[PDB]
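What the coordinates show
Listed below, chain by chain, are the residues.
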Amino acid sequence: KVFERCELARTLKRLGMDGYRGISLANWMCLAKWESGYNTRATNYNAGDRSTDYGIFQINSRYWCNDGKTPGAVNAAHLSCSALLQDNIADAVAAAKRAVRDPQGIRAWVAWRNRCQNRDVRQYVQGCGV
């Protein structure tokens, strides 16, 4: 599923992402925009370390989900990476919440540092009624 901007904002809010660990809804929106373009079936194989990023939040298989084919893979979230390619994003959200409970926080995603960090991200939630 490719989410429309405001539809995603409302969904994330209902799922309790607004201000989760100090992270604004606008920041979560910015992350999803650049990671997958709000597409839940987005997958990205990293040829360099043999891991794959899954879903709307591009959650990595070495730490937050198990896909069986990733070397040195840990399962901090305990989810199958398959759960992060569904149309329903409840599992992707729970995984994202777990990921930011590490001291790094949202900075774990380099895309966040490059295009969201220290920027005006209001644009991602403007007009959505959240």
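For this entry, the PDB record names X-ray crystallography as the structure determination method and reports a resolution of 1.8 Å.

In this section: the side chain of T11. Among the secondary structure elements, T11 is positioned in helix 1 (residues 5–14). Setting aside chain neighbours within four positions, we find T11 in contact with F3 and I89.

For the rest of this paragraph, the subject is the packing of aromatic side chains. Within this structure, the stated rule accounts for two aromatic pairs. Consider the rings of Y63 and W64, whose centres lie 6.5 Å apart with planes at 40 degrees: the pair is tilted. Exposure remark for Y63: the relative accessible area of 45% places this residue in the partly exposed category. Residue classification places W64 among the buried positions, given a relative accessible area of 12%. Stacked on the ring of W34, the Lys or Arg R115 has its end atom at 4.4 Å from the ring centre.

In this section: the pairing of strand 2 (residues 51–54). Here strand 2 shows a buried face lined by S51 and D53 and a second buried face lined by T52 and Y54. Here strand 1 (residues 43–46) runs beside strand 2; their pairing, made up of four bridges, is antiparallel. Pairing of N46 across the sheet is with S51, part of strand 2. In sequence, strand 1 turns back onto strand 2 through a hairpin of four residues, with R50 there showing a positive phi of about 65 degrees. Alignment of strand 2 against strand 3 (residues 59–60), held across two bridges, turns out to be antiparallel. Within the sheet, the bridge partner assigned to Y54 lies in strand 3 and is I59. Between strand 2 and the antiparallel strand that follows it, strand 3, lie four residues; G55 among them carries a positive phi value of about 75 degrees.

Basis of the calculations
- Residues numbered from 1 in each chain as written, not as in the entry; some residues may be left out.
- Heavy atoms only, no water.
- Helix = DSSP H or I, 4+ residues; strand = E, 2+ residues; numbered from the N terminus.
- Contact = heavy atoms within 4.5 Å.
- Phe/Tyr/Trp six-rings, centres within 6.5 Å; stacked < 30°, edge-to-face > 60°.
- Buried < 20%, exposed > 50% of the residue type's maximum accessible area, 1.4 Å probe, protein only.
- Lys NZ or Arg CZ within 6 Å of the ring centre and 35° of its normal.
- Pairing = 2+ DSSP bridges.

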